[PDB]
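Visitor: My questions will all concern the structure given below.
Every residue, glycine as well, gets a Cβ built from its backbone with ideal geometry; the counts of neighbours run over all protein chains shown. Each value in this text was obtained by applying a stated rule to the coordinates, not by laboratory testing.
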Amino acid sequence: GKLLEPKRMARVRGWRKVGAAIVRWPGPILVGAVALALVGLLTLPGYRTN
Amino acid sequence: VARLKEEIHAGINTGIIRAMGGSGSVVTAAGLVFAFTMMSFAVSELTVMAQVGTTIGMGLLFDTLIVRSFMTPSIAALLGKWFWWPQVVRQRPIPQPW
Amino acid sequence: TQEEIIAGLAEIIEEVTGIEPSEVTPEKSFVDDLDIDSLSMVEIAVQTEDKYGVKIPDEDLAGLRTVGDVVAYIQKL
């Protein structure tokens, strides 16, 4: 019957928009993501176990 | 990567944006569902299993929302046609008449 | 030759957002009638540049607000 149907689609539109953003200006977005990654990484070397 | 490889023939920019619009939503849905199912272990009394649940949940949240949605497609788009070496690919097809 | 430009742009924007080509006319703007954002505008610009090989630079999309303006820009180049 009718059990697997799409309704109220609003995800692929937003993700195409973020695709447009990520293709046009890759430099700034890449550097921002790397910045967050470095914020994550710097805490690593000080790490103790119990 | 497989989905990206599928639709790279009509340029690389259009290919990246279509691969996003087509599979970013799916990967993000799966990642979020599993990440929060693993975050529900925080309220657990046992500390080891709460720690594991939180570690995995935060890991998947960071992976899905930043590393995989902004960082890898950005590297692909930046490197352009040298993302498929040693295969030879055109960065955009022959222009078509209006 | 403007009509073919309008046809191409109609097909592309129907692909993007889902507006039927018959509705698109050069006597109406983008944001206030079609409800077309700016990121959707870079969507249209990138896709048309990639498919038909016309480069519309950044910091020039905002300078055009109507379909007539877009076709004028394309056919002036």
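Visitor: Would you list, by chain and number, the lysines whose Cα falls below 24 Å from the Cα of residue C:28, excluding same-chain residues fewer than 8 positions away?
Guide: Counting by Cα, and skipping residues close in sequence, residue C:28 has these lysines nearby: A:17, C:55, C:76.
Visitor: Highest mean first, what order results for B:45-51, B:31-37 on Cβ atoms within 10 Å? All intermediate terms of the calculation are to be shown ahead of the outcome.
Guide: Details: B:45-51: 10.1, B:31-37: 14.3.
With the highest mean Cβ count within 10 Å placed first, the list reads B:31-37, B:45-51.
Visitor: Hey, in the GNM for chain C with a 10 angstrom Cα cutoff, which one of C:27, C:11, C:59 fluctuates hardest?
Guide: It is C:59.
Visitor: Highest mean first, what order results for B:77-85, B:6-14 on Cβ atoms within 10 Å?
Guide: Working: B:77-85: 14.3, B:6-14: 18.0.
With the highest mean Cβ count within 10 Å placed first, the list reads B:6-14, B:77-85.
Visitor: Report the charge-dipole magnitude of chain C in Debye, nearest 20, computed about the Cα centre from +1 at each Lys and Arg Cβ and -1 at each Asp and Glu Cβ. If you can, show how the numbers build up before the last one.
Guide: Values: 5 positive and 19 negative charges, 63 e Å.
Computed charge dipole of chain C: roughly 300 debye.
Visitor: Just to verify a number: FRET efficiency for residue B:94 and residue B:66, C-beta to C-beta distance, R0 = 35 Å, to 0.05? Can you show the working numbers first?
Guide: Numbers: r = 37 Å, r/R0 = 1.04.
The value I calculate is 0.45.
Visitor: What is the distance, in nm, between label points placed 7 Å from the Cα along the Cα-to-Cβ direction at residue C:3 and at residue B:43?
Guide: Inter-label distance under the simple model: 6.6 nm.
Visitor: For an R0 of 45 angstrom, estimate the FRET efficiency from the Cβ-Cβ distance between residue C:27 and residue A:42 and round to the nearest 0.05. Mind showing how you got there, number by number?
Guide: Details: r = 57 Å, r/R0 = 1.27.
Calculated transfer efficiency: 0.20.
Visitor: When the helices in chain A are scored as -39500 (n - 2.57) per DSSP H run of 4 or longer and the sum is shared across all residues, what 222 nm value do you end up with, to the nearest 500 deg cm²/dmol? Show your work: numbers first, answer last.
Guide: Values: 2 runs with 30 residues, N = 50.
Using -39500 (n - 2.57) per qualifying helix, the result is -19500 deg cm²/dmol.
Visitor: In peptide A:3-15, how many Cβ atoms from other protein chains are near each Cβ within 10 Å, on average?
Guide: Numbers: counts 0, 0, 0, 0, 0, 0, 1, 1, 6, 8, 7, 4, 11.
Mean partner shielding for this stretch: 3.
Visitor: Could you calculate the FRET efficiency of residue B:27 with residue A:31 from 1/(1 + (r/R0)^6), where r is the beta carbon distance between them and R0 is 30 Å, rounded to 0.05? If you can, show how the numbers build up before the last one.
Guide: Values: r = 23 Å, r/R0 = 0.77.
E between residue B:27 and residue A:31, to the nearest 0.05, is 0.85.
Visitor: A follow-up question, please. Got a sec? Charge dipole of the protein assembly as shown, +1 on Cβ for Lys and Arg, -1 for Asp and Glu; which of A:10, C:36, C:18 is way out at the positive end?
Guide: Of the options given, the answer is A:10.
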